[PDB]
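Spelled out, the chains give:
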Amino acid sequence: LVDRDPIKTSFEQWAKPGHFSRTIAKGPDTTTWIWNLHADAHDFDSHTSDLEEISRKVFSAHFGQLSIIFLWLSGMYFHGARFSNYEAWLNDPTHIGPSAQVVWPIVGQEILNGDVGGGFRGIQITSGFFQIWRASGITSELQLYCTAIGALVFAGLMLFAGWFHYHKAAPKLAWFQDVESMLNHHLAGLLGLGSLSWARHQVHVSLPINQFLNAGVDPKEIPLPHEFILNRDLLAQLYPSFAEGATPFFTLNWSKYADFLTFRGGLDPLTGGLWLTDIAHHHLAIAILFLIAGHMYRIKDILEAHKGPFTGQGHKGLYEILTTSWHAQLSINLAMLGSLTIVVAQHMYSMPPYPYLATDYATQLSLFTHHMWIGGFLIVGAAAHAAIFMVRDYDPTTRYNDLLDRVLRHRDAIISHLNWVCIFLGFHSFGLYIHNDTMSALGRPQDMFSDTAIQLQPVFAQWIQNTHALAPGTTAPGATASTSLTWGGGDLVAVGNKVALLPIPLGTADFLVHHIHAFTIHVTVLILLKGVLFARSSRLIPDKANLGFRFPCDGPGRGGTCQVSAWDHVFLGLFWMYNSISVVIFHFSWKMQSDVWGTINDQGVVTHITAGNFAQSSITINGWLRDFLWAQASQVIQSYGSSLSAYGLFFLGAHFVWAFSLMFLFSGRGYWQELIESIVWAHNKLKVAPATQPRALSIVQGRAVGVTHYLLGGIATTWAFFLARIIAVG
Amino acid sequence: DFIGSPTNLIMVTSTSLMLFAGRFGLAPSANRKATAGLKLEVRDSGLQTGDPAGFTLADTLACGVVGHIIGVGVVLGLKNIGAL
Amino acid sequence: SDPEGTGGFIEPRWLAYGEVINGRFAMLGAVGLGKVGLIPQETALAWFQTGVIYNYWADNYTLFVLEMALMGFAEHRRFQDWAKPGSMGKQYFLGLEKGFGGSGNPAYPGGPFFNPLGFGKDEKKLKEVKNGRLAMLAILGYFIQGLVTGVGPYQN
Amino acid sequence: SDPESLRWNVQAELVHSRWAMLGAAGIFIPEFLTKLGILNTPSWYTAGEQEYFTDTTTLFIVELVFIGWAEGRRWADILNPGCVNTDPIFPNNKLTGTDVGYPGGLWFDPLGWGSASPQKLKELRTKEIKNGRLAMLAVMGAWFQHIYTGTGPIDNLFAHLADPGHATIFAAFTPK
Ligand code: CLA
Ligand code: CLA
Ligand SMILES: CC1=C(/C=C/C(C)=C/C=C/C(C)=C/C=C/C=C(C)/C=C/C=C(C)/C=C/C2=C(C)CCCC2(C)C)C(C)(C)CCC1
Ligand SMILES: CC1=C(/C=C/C(C)=C/C=C\C(C)=C\C=C\C=C(C)/C=C/C=C(C)/C=C/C2=C(C)CCCC2(C)C)C(C)(C)CCC1
Ligand SMILES: CCCCCCCCCCCCO[C@H]1O[C@H](CO)[C@@H](O[C@H]2O[C@H](CO)[C@@H](O)[C@H](O)[C@H]2O)[C@H](O)[C@H]1O
Ligand SMILES: CCCCCCCCCCCCO[C@H]1O[C@H](CO)[C@@H](O[C@H]2O[C@H](CO)[C@@H](O)[C@H](O)[C@H]2O)[C@H](O)[C@H]1O
Ligand SMILES: CC1=C(C/C=C(\C)CCC[C@H](C)CCC[C@@H](C)CCCC(C)C)C(=O)c2ccccc2C1=O
């Protein structure tokens, strides 16, 4: 193939009918293949038997993405500069209600665009630059318009390095399949030399240029643009030219100092970010590690070492492969990358890291739910791709007899447990709520489960939270309050419209959501675990790995023989996770507003967006539409004719798209065939169809168009439901 | 220069122990874990002899006593010869 | 043909020892004037105190760059042109005597080196004629920022 | 390893290019002879004397009729005979292809030797300036933007601004 091989055509092939699997697209026409090929455009069974390139392709695809983010966000940073909102907001923050983005007025459009601002019509934003942003001190719109093109610079170039691979004559095996350094480098000087470098441009420049912003001015009444070198008088305030120390060390005297740092603990008052000053120290104290750390090392060495009696021989040469699986060294990653994103989602809302967040409610919960769906959308993946390992990747058997070969040894076992785990949960983890209804609708509270009724009695108080703030008995020194303000001990005092941050004390009715999470996190994983484990051969099929991780279903026999596979375990596992996350979101905002998100008022009488309705009334799972869905959402179905309106006006579509999924999810296949011909007939009479044999959806494509829609349906529904109950009161 | 020059002599002190210490601590490696303390090959006591770090913690102390009086509590003496 | 830049293992530093000669006599004007410098208003102001006793009376006009691009042309022409085979110098459109070459394709003191006979006197490998002029180059490099300022020469 | 352009409408692209550039010819000499304004000076009255104007747009329709016919009829025959259907010589229709367009009809034909040609003799005159004119025009048309933009006055429009020091024009010269 042979248009024409090797040596002797530069001449490209566009044309003669084109390619895949060897009874290649037929010649003779079909539809499905147009759906094939976007799908499974890369799988890597095909293109070559021999890994050869592909690692030589996946470096390039990676380059494309890095550019693209860059194309992105130049865009963003643009938008952010020259449709400003920002200059205006910053003198002005805690008045402003901020936009980057504006429509043009054509047809309806422009209901949308409603006064945001330092006096301009806007669409209000809830990702915050304007808060990443506070940091730049120097300011002004045309720069961000430099940071912007600085973006388009990185891109074109960090996108001609992708020419400067695959397409260019390009690289070979050793380079990846000798690993020996790679984390050495990465973590040492970038992980390090960023955070390090970030330190250097995180007190140099930023600290001072918001050290005396947290007062007001009209900027540049404060900051010259370069201003900040050989110079510096200004460091003098924010501290000394080290005055006489030497390269740290000690024969140093302070009668009154210790270098910038000086740790913060708690939140700024009048910018309650948390101190802009533990922010240098912490990043500095990072990098070092990485700076020292990325200095291992070259490998099996450590992995081949420790063994135990249960413990695994396999552990050793736990994978010559690992260097060349790929699909496995992506699956591992996603679990981490993914599980290391939604750990953001907490440390964020219970410890803001940007100036003006919390007061800014809606511009950091959007966040805590966007970052939340990735620390989930990337985890089910982190299973799929292991399934993609577990079936195929190595030519041959020679992994042999380990730790894995071990885990599999039991397998109707690791998943034998985990199962009961879930029905123990569920019964202790949902029908728990249903008690309440059945008995509060029967009505006898004496015996509910209410935080008042079934006795723990009125304290949450001591577990960890109370040991955590309360923190300095300790080898701990530091800082007037907490690591996180929310923890029980301490403080009234945070912020200027509004409440930002307060204990959150829980009790029960934090107790049992916290448990539904368990059962939801667990039966999610059951299906993926048992899915990826039983990947290749099963008690129902042995001849099971033979085409596929995909195949539709083996065949009507054995009783059912349908779902099986593991595309589909990574099809019914998404289906859950959509809840896993979809109900964790439902948790946070009902809390964070029922308690916390606030207002301060004279003598500080806190006024929670809802006076804690949560109390006795989440425990009832109707209260979850009495107090939630039917209570809030009244802002979604009132939202017409306004400015945000695009939410209420989405909330019907996408609350439609979902209720279109079921058609794709719930239906046969030779059905829409049987139909597609009646069609095809009427077509031929007028002479208008045959060519490119119109065909119904590819059993599993149909499932691909379930799910995917069920999610972008059922999801943006709340993306709307949300942005519509924090914009406007809250 | 300054106490800071005494400090130049002193970068030499931290830099020093650590590095001068360094080779011994690596020099027969592939020990991994462990020692004279544990399995096969006793001789008893503790010992007296051999270096890397027995001798330099001592040095931060040396620097200390001489340095010591000079700044201090205006600093002995005590003489005795005075000196005679 | 759609374009060629043959590289073998060290293409670079064939130049490099080259970027270095040019670069090197630019250590240069250091070797043997020295500050644009910056962003040009003075009109009032030097880095941060620069100057004092803005740079310079300063003629200069940035037209360079318009110069950098323009001489760029020469650089890349000498290099193709000699790809070569030479018409090149037309000489006198008519007629007769054209003694004069002037000698050479140059390199060095006689277009053909020339005047071969010489000294009784003055009487008593060519990456070295490179190596030492980075050891003249990277040197002003730090000498731009060559200060400790708050203090000064500890040495001294 | 390099694109393949060659592109194949193409040879046409080059004759399109002649139109653009020879036409580009009218501009330069005449405007610029410009009257080297001028001895002095230039008045229109005359037709347009007071007739409620002359052209506006109507001038454009006449301009086009006169042309439509020409640009139109045209390429329609720079050449092209045979003119139908099924299978390829490739020009892209190619119909003229084998048959010139006619065996025996007429003198479609011009000149000696069963051919179109004026014949061998001359690239000469007109490949170098007329194509050199491909070049010329482009830079001198590139010169036109240079010559107006910056609109001295009237209109900034939408400023992030940040000029003046001084105006732009053509009379000629350059200052500096
Ligand atoms: C405004 C600016 C000023 C500045 C900052 C520069 C800067 C520069 N010019 Mg330049 N130039 C200027 C004014 C300036 N020029 C003016 C007013 C003229 C008109 C004459 C030129 C004409 C000019 C030419 C023709 C070239 C430059 C080149 C250069 C670059 C060469 C780098 C170098 O060190 O070569 C010199 C350093 C060396 C180590 C080379 C040594 C060769 C010497 C011995 C020959 C000249 C000395 C000679 C013996 C003196 C005899 C007198 C003779 C001039 C009549 C450099 C960036 C060159 C370039 O960069 O092209 C790609 C070259 O193109 N300039
Ligand atoms: C870091 C990892 C990342 C990478 C590099 C890959 C790479 C790969 N995955 Mg994969 N995957 C990932 C994360 C990743 N995945 C995650 C997180 C999941 C869990 C959801 C999966 C679940 C998954 C499955 C089930 C499969 C793969 C497969 C593959 C392979 C096929 C790629 C392809 O053809 O594109 C596929 C992309 C398309 C066909 C584009 C369609 C996208 C639609 C669904 C739009 C999404 C909705 C969005 C809102 C629409 C845009 C807006 C619109 C309304 C305007 C490839 C090697 C496939 C394989 O067979 O292995 C060889 C197999 O299908 N992946
Ligand atoms: C040789 C040399 C050198 C070097 C230099 C350089 C070149 C450097 C650097 C620096 C660096 C190299 C830095 C880096 C940094 C990095 C960073 C800082 C990272 C980042 C990133 C980001 C920011 C991202 C984010 C995110 C996330 C979170 C995930 C996803 C999403 C997003 C993307 C947003 C030095 C200096 C010594 C000097 C001398 C010479
Ligand atoms: C008549 C007609 C028509 C029709 C129309 C209609 C009727 C429509 C509709 C529609 C509907 C009724 C619905 C839809 C919806 C859609 C959507 C919806 C899309 C998209 C999306 C997006 C862009 C998203 C994003 C996101 C993210 C980022 C992730 C998650 C979240 C969210 C979702 C937010 C047309 C004109 C067309 C054509 C012609 C004919
Ligand atoms: C919501 C249900 C109540 C259950 C928890 C109640 C226990 C703690 C008491 C009230 C908690 C609110 O804490 C709040 O106390 C006071 C309200 O009376 C306010 O008191 C604040 O106002 C005044 C201004 O100088 C002074 O009395 C205080 O020095 C100052 O802290 C504060 O804004 C806040 O620190
Ligand atoms: C080198 C000088 C440039 C050439 C021009 C000078 C005149 C020489 C004749 C060429 C002029 C072109 O026009 C002329 O070409 C022919 C020369 O073969 C003429 O004369 C010839 O025509 C036929 C070829 O075309 C021959 O078979 C005939 O025997 C003869 O009549 C034609 O009647 C006329 O069409
Ligand atoms: C409804 C449904 C169908 C029928 C769905 C079909 C046929 C969707 C395919 C329709 C395509 C996308 C229309 C494409 C036509 C246009 C793209 C062509 C014109 C181009 C434009 C300019 C409009 C299935 O095939 C199916 C298969 C398996 C399980 C469930 C189901 C299922 O539920």
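Residues numbered from 1 in each chain as written, not as in the entry; some residues may be left out. Chains lettered and ligands numbered in written order. Part of a larger assembly, values for the part shown. Heavy atoms only, no water. Residues with missing side-chain atoms left out of burial classes, pairs and counts.

Looking at the entry header, you'll see X-ray crystallography listed as the method and 3.300 Å as the resolution.

A.B. asks: Sorry, what's going on with the overall build of chain A here?
C.D. replies: A tally of helices and strands in chain A yields 27 helices and three strands. Relative to its length of 730 residues, chain A is compact, with a C-alpha radius of gyration of 30 Å against a globular reference of 27 Å. If one aligns the C-alpha atoms of chain A with their principal axes, the spans along those axes are about 85 × 75 × 70 Å. (Helix = DSSP H or I, 4+ residues; strand = E, 2+ residues; numbered from the N terminus. Rg over C-alpha atoms; globule rule 2.2 N^0.38 Å.)

A.B. asks: Could you clarify how one ought to interpret the UniProt feature "binding site: [4Fe-4S] cluster" in chain A in this entry?
C.D. replies: Residue and element names in this part refer to chain A. UniProt marks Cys553 and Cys562 with the feature "binding site: [4Fe-4S] cluster", using the numbering shown here. Among the structural elements, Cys553 can be located in the loop between α21 (513-533) and α22 (572-594). Look past the residues within four positions of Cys553 in its chain and what remains in contact with it is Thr561, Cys562, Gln563 and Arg703. Checked against the element boundaries, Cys562 lands in the loop between α21 and α22. (UniProt positions renumbered as here; feature names shortened; annotations may be inferred. Contact = heavy atoms within 4.5 Å.)

A.B. asks: I keep staring at the site of ligand 7 and nothing clicks. Help me out?
C.D. replies: Residues and elements named next belong to chain A. Around ligand 7, the structure places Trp35, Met663, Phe664, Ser667, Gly668, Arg669, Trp672, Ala696, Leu697 and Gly702. Between ligand 7 and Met663, the relevant distance is 2.4 Å, taken from an oxygen atom to a main-chain nitrogen or oxygen of the residue. Here an oxygen atom of ligand 7 sits 3.0 Å away from a polar atom, N or O, in the main chain of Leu697. Relative to its unbound accessible area of 790 Å², ligand 7 is 48% covered by the protein chains. (Near = heavy atom within 4 Å. Polar contact = N/O pair within 3.5 Å; in protein donor to acceptor, adjacent residues only side chain to side chain. Areas by Shrake-Rupley, 256 points an atom, 1.4 Å probe, with all protein chains shown as cover.)

A.B. asks: It is not clear to me how the environment of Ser634 of chain A should be interpreted in this structure. Could you clarify?
C.D. replies: Residue and element names in this part refer to chain A. With respect to the helices and strands, the residue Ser634 is situated in the loop between α23 (623-629) and α24 (658-665). The exposure class of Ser634 is partly exposed, given its relative accessible area of 23%. A polar contact is formed between the side chain of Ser634 and the backbone oxygen of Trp630, at a distance of 3.2 Å. (Buried < 20%, exposed > 50% of the residue type's maximum accessible area, 1.4 Å probe, protein only.)

A.B. asks: I would appreciate a short explanation of a nonpolar patch on the surface in the present structure.
C.D. replies: Residues and elements named next belong to chain A. On the surface, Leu71, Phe78, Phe83, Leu142, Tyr145, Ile149, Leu152, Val153 and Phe154 cluster together into a nonpolar patch covering about 830 Å² of accessible area. At the level of secondary structure, the elements contributing two or more residues to the nonpolar patch comprise α3 (71-80) and α6 (147-153). Within the secondary structure, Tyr145 sits in the loop between α5 (141-144) and α6. On the accessibility criterion, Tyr145 (36% relative accessible area) is partly exposed. (Patch = residues over 30% accessible without salt bridge, like charges linked within 9 Å, V, L, I, M, F, W, Y side chains within 5 Å. Salt bridge = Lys/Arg side-chain N within 4 Å of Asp/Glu carboxyl O.)

A.B. asks: Explain the nonpolar core to me, please; I cannot follow it from the model alone.
C.D. replies: For soluble globular proteins, the rule of thumb is that nonpolar side chains tend to be buried together. All names here are of chain A. Of all hydrophobic cores here, the largest spans 76 residues; its most connected members are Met372 and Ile726. For this core, the element with the highest residue contribution is α22, accounting for 11 residues. With residues near it in sequence (within four places) discarded, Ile726 still touches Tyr361, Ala362, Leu365 and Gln593. Counting residues in hydrophobic clusters, the runner-up holds 10 residues, among them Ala81, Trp89, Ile96 and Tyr356. (Core = buried A, V, L, I, M, F, W, Y, C linked by side-chain atoms within 4.5 Å.)

A.B. asks: Help me understand the interface of chain C and chain A in this model?
C.D. replies: Reports often express the size of an interface as the amount of accessible area lost when the parts come together. The partner chain A presents six residues to the four residues of chain C that form the contact. For the pair chain C and chain A, the summed buried area comes to about 440 Å², and 87% of that belongs to carbon and sulfur atoms. Taken as a group, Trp47, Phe48 and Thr149 of chain C account for 86% of the area that chain C buries against chain A, more than any other trio of residues on that side. Linking chain C with chain A are zero salt bridges. Here chain C is connected to chain A by zero residue pairs in polar contact. Of the residues that constitute the side of chain C that touches chain A, the class distribution is three nonpolar, one polar and no charged. (Buried area = accessible area lost by both parts, 1.4 Å probe. Nonpolar A, V, L, I, M, F, W, Y, C, P; charged D, E, K, R; others polar.)

A.B. asks: In this structure, what is going on with the packing of α24 of chain A against helix α27 (residues 708-722) of chain A? I would like to understand it.
C.D. replies: Working note: a packed helix pair is described by the angle between its axes plus the distance between those axes. All names here are of chain A. It is the contact of α24 with α27, at a shortest axis distance of 8 Å, that shows an interaxial angle of 165°. Here α24 is positioned roughly antiparallel relative to α27, judged by the angle of their axes. Considering how the two elements wind past one another, α24 and α27 form a crossing that is left-handed. For the pair formed by α24 and α27, the contact residues are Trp658, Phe660, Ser661, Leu662 and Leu665 on the first element and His709, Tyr710, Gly713 and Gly714 on the second. Residue classes in the contact of α24 with α27 are distributed as five nonpolar, four polar and no charged. (Axes fitted to C-alpha atoms, helices over the stretch in contact; angles between N-to-C directions. Parallel < 35°, antiparallel > 145°, perpendicular 65-115°, else oblique. Left-handed = near helix turned anticlockwise from the far one by under 90°.)

A.B. asks: Honestly, the coordination of the magnesium atom of ligand 2 in this entry has me stumped. Any pointers?
C.D. replies: Coordination angles at a metal have ideal targets, namely 109.5 degrees for four tetrahedral donors and 90 or 180 degrees for six octahedral donors. Only one protein atom coordinates the magnesium atom of ligand 2: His385 of chain A (NE2), located 2.8 Å from the metal. Mapped onto the elements of the fold, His385 of chain A is located in helix α16 (residues 381-391). (Donors = N, O, S within 2.8 Å, 3.2 Å for Na, K, Ca; no water.)

A.B. asks: I keep staring at the arrangement of the chains and nothing clicks. Help me out?
C.D. replies: Looking across the four pairs of chains in contact, one finds the most contacts between chains A and C. When C-alpha atoms are compared, chain B and chain C, though not in contact, are closest at a spacing of 6 Å. The least C-alpha distance between chain B and chain D, which are not in contact, is 52 Å.

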